[PDB]
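> Handing you a structure now.
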Amino acid sequence: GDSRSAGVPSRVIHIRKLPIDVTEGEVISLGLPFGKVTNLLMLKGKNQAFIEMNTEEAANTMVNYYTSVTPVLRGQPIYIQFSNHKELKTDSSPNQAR
RNA sequence: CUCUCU
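Per the deposited numbering, the first sequence runs over residues 49 to 146.
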C-alpha cells in the first residue's frame, strides 16, 4: 500500500542516507530548537534514524524546517519524512532483566 | 540506505 507517506501524522520523523558515524548529540542538537525532542533512534547498520518529538506542532515545524533548510549531509541533501508509526520507545531487551 | 526485521 501507499501508507509510508504521512497525511495526518504524529511526533516521530524518519531520516535516510545518514553519515558514516553520526551521533545522537548532533541529531538531538538539530531537533532541540523546535520543541524538546522526546527521543531519537538509529537504524545505524542501514544509515537510517528516527527523531521523536515532545509536541505535534514542534515536529510539524521540525519536518517542514527540514523540507526548507536541507542541512546537507557533507555534500548531498538529507532525506526526511514523518514515520510509519506514532510515539517512539527505546527500552532494553528481555535478556537484561534475566 | 523508506521504519525500531534478518
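Just so it is clear, CB atoms sit at the ideal spot from N, CA and C, and this is done for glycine as well.
Suppose contacts are defined by Cβ-Cβ distances below 7 Å. Is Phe-82 in contact with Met-110 by that definition?
Yes, the pair counts as a contact, with Cβ atoms nearer than the cut-off.
> Please state the DSSP three-state secondary structure of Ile-68.
Reduced to three states, the DSSP call for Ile-68 is coil.
> Identify whether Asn-108 lies in helix, strand or coil by the three-state DSSP scheme.
Helix, per DSSP.
> Which residues does DSSP pair with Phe-130 in a beta bridge?
DSSP output for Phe-130 lists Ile-61 as bridge partner(s).
> Are the region 108-128 and the region 50-70 in contact at 8 Å, needing three or more beta carbon pairs?
At 8 Å Cβ cutoff, the stretches touch.
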